[PDB]
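A.B. asks: Before I ask anything, let me first share the structure, which is written out below as structure tokens.
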Amino acid sequence: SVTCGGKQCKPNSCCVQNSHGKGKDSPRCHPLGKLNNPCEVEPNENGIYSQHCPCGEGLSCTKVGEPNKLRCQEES
């Protein structure tokens, strides 16, 4: 069970910070990253992402560019 912003969210959705510096960390529920899309290995020290979500639909963060342009790629 996922829990973001002091509220439980649906599965296949990571936590993302969407605060503009208001002082109240209020993340939002975003869908898991897809193929040929931008993804990150792991979240911050708190466990939250920026905008996109990590691979969770049968993908795997693989380096395709530089410096560290990690993208989602269906694992073999």
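Every residue number used here counts from 1 along the chain in the order it is shown.
Cβ coordinates are placed from backbone N, Cα and C, and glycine is handled just like the others.
Feature table excerpt (Swiss-Prot):
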type	residues	note
DISULFID	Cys4-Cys15	disulfide bond
DISULFID	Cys9-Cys29	disulfide bond
DISULFID	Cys14-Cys53	disulfide bond
DISULFID	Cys39-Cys61	disulfide bond
DISULFID	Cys55-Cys72	disulfide bond
A.B. asks: Compared by Cα position, which of the disulfide-bonded residues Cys9, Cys14, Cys15, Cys53, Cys72 is the closest one to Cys61 (disulfide bond)?
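C.D. replies: When the Cα distances are compared, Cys72 comes out closest.
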A.B. asks: Of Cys4, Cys14, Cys15, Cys29, which is closest to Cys55 (disulfide bond) if I measure between C-alpha atoms? They're all disulfide-bonded residues.
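C.D. replies: Going through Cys4, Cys14, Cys15, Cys29 one by one, the closest to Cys55 (disulfide bond) is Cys14.
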A.B. asks: Between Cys29 (disulfide bond) and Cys4 (disulfide bond), how many Å separate their Cα atoms?
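C.D. replies: With distance taken Cα to Cα, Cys4 (disulfide bond) is 7 Å from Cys29 (disulfide bond).
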A.B. asks: Near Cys14 (disulfide bond), which residues of its chain come within a Cβ-Cβ distance under 8 Å, counting only those 6 or more away in sequence?
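C.D. replies: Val2, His30, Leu32, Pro43, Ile48, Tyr49, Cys53, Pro54, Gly56 - these are the non-local Cβ neighbours of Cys14 (disulfide bond), listed in sequence order.
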A.B. asks: Please list residues from the chain of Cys72 (disulfide bond) whose Cβ is under 8 angstroms from its Cβ, counting only those at least six apart in sequence.
C.D. replies: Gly33, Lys34, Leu35, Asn36, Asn37, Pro38, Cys39, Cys55, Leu59, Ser60, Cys61, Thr62
A.B. asks: Ranked by the number of other Cβ atoms within 10 Å of their own Cβ, which of the disulfide-bonded residues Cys4, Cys55, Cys61 ranks first?
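C.D. replies: The most densely surrounded of these disulfide-bonded residues is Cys55.
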A.B. asks: Relative to the Cβ position of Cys29 (disulfide bond), how many further Cβ atoms are located within 10 Å?
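C.D. replies: Taking every protein chain into account, the count is 17.
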A.B. asks: For a quick check of packing: other C-beta atoms within 10 Å of the C-beta of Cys39 (disulfide bond), how many?
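C.D. replies: Taking all protein chains shown, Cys39 (disulfide bond) has 22 Cβ neighbours within 10 Å.
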A.B. asks: Let me spell it out: for each of the disulfide-bonded residues (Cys9, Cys15, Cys53), count the other Cβ atoms within 10 Å of that residue's Cβ, using every protein chain shown. Which one has the most?
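C.D. replies: For the disulfide-bonded residues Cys9, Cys15, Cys53, the Cβ with the most other Cβ atoms within 10 Å is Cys53.
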